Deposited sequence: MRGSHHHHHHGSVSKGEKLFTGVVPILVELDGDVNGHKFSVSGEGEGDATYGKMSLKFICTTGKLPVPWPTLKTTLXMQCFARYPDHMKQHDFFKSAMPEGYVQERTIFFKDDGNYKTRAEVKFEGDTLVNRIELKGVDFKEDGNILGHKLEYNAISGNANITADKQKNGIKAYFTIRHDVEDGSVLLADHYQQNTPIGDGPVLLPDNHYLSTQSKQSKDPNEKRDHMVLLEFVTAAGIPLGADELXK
């Protein structure tokens, strides 16, 4: 696809998130640049409705795998880039153990020159005193592997992985992600063989930013097929 070509230089990123967890509505915008050759994303995320009613780290996976660096020999398995510019739908259920789940739906596509990630997120039945709504999560960078497999009956892909979140009482809150992605356009796409994306994240704060925010630097690289 020509879509792989759309990603050879640096690409402006816009992220929009409409959320709702146990009623508390919130919104997060994100702005930055992705440079897929290096697998790099640099982004700043702000909560535009005031304080964020969940921990940022729990929103990280939801807030562009099209920006991953596919080794040249794996590039026949790059579904994300093949779907562009029409984009793809990315849905997830994220099951936090001993607490509620988030259901998320997003469209990742080009709008003019910009890569837009548009998200609806929705969580119910969380514990008002659990470690999410009571803000009891530590603020660490989330790294790990997303495990990809073709889903040919749906012309797209699925992923599955578990993020481990360090809690403040010294414990671990496990978050099981079940992902499904399906192409928005009707063009041909690349339906990969099994592989994973390796993410290396660096989370920080702009000190002079006074709004609730998260500053991210990400590196994502595809792997698990040898040649």
| request: Would you flag the ranges of the deposited sequence that the structure leaves without C-alpha positions? | output: 1-13, 77, 242-248
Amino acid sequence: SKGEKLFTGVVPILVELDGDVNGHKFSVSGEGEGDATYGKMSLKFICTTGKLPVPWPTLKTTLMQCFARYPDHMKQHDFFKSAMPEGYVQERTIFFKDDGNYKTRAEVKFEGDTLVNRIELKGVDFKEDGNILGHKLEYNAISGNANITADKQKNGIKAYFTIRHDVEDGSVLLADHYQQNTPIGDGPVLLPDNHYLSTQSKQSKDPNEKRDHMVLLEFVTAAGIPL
From here on, numbers count along this sequence of modelled residues.
| task | Could you check which stretch, 87-95 or 127-135, carries the larger mean CA temperature factor in the entry? | result | 127-135
| If you average the Cα B factors in the entry, which is higher, 64-72 or 166-174? | 166-174
| said: Can you tell me whether residue 161 has a C-alpha B-factor in the lowest, middle or highest third compared with the other modelled residues of the same chain? | reply: lowest
| said: Lowest, middle or highest third: which one holds residue 48 when the chain's residues are ordered by CA B-factor from the entry? | reply: highest
| said: Using only modelled residues of the chain, where does the Cα B factor of residue 12 rank: lowest third, middle third or highest third? | reply: lowest
| query | Based on the entry's values, in what third of the chain does the Cα temperature factor of residue 222 lie: lowest, middle or highest? | reply | middle
| If you rank the chain by CA B-factor, which third does residue 145 end up in: lowest, middle or highest? | middle
